[PDB]
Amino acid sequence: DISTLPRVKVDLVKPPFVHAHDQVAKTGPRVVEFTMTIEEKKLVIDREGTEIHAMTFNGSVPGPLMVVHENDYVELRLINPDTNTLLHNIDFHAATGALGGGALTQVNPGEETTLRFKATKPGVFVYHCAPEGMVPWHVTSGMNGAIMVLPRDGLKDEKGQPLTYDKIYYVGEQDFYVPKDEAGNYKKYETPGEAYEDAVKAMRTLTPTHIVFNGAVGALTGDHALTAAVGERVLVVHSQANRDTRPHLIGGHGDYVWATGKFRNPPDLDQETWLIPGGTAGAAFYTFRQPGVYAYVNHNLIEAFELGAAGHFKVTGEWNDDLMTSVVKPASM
């Protein structure tokens, strides 16, 4: 009887941060309560000022990372305020049945719904909006995020030993398809209905105009760079709801990676770069060994440096000259 179980209300945070949780479950199974409010909003996604009509869970691209343990129940209150214009729903890749919940969570503006599902499989998973007939449009408008279902005894390495992270970040990578005119400039649209056919045309090119982390070019840079200290263990959860990516920590590695994100599998060790297929979340665990600026990218470097799929870590601490040093600094022949 699910009513006999503890209920715990989670208060979500904006990516790339992650709400408070315990790696190792400190209670038995729980009903873990989440509320997300759908927000359609304009977002500026690049340095040029390109503005799109984004479709968000909880106001962000990506939507927030939800965290539970295996065999918890996830109970989501999904709210579609009447300030929105479109119907939305949600497909949880962590869930079993009804198109991941999509068939049960169709909410018009001015409606809400509450879905519960049992999180039977441990891993990081994509969640995304998926309204019948307009699935890729919602997803590539930003309407996706991820959920992490931790093993009840936390993460393990390839030998069954504990892996415990000190910090966790969630990098949502978004492929956008801003319609272009024949000369190559972005078009603008008066209504979602008027935008739809040109959105479809743009999607069918299979060529994103923008590929961004945390909803915009440069979002995880400057004062919003990711941070860590030398010696800290960091888990980076990375999702891509629609298109393949290949994450890479420039200057580091994925010490332990679940590239397709499912923790009953042993991790791959020492990855330089890993492929997260579109429609998947993956997770990489790294212990920083060197201070300084790192760049965290999709290692299609065009996608990273021209289209936006690059963020930074600023790492504090001691430099280790045994691990790397400039023996002779750049100088003239």
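Numbering starts at 1 and follows the sequence shown. Whichever C-alpha set is largest while still superposing within 1.5 Å between the two forms counts as the rigid core.
Asks: Taking RMS over all structures and residues, which stretch has CA atoms farther from the shown form in 7 other deposited structures of this protein, 187-195 or 218-226, after a rigid core fit?
Replies: The answer is 187-195, which departs more from the shown form in 7 other deposited structures of this protein.
Asks: So if we fit everything on the core, which stretch drifts more in 7 other deposited structures of this protein, 177-185 or 84-92, C-alphas only?
Replies: Greater root mean square C-alpha distance in 7 other deposited structures of this protein: 177-185.
Asks: Name the higher of the two by mean Cα B-factor in the PDB entry, 281-289 versus 46-54.
Replies: Comparing 281-289 with 46-54, the higher average CA B-factor belongs to 46-54.
Asks: Quick one: higher average CA temperature factor, 195-203 or 255-263?
Replies: Between 195-203 and 255-263, it is 195-203 that shows the higher mean C-alpha B-factor.
Asks: According to the Cα B-factor stored in this entry, which of the following is highest: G123, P179, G172, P247?
Replies: In this record, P179 carries the highest C-alpha B-factor of the candidates.
Asks: What third of the chain, by the recorded C-alpha B-factor, contains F213?
Replies: It belongs to the lowest third of the chain when residues are ordered by C-alpha B-factor.
Asks: Considering only modelled residues of the same chain, in which third does the CA B-factor of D72 rank: lowest, middle or highest?
Replies: Bottom third by C-alpha B-factor.
Asks: Lowest, middle or highest third: where is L235 by C-alpha B factor in its chain?
Replies: According to the entry, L235 has a C-alpha B-factor in the chain's lowest third.
Asks: Can you work out whether the C-alpha temperature factor of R116 puts it in the lowest, middle or highest third of the chain?
Replies: Within its chain, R116 is a middle-third residue by C-alpha B-factor, going by the deposited values.
Asks: Select lowest, middle or highest to describe the third in which the CA B-factor of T27 falls within its chain in this entry.
Replies: Highest third - that is where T27 ends up once the chain's C-alpha B-factors are sorted.
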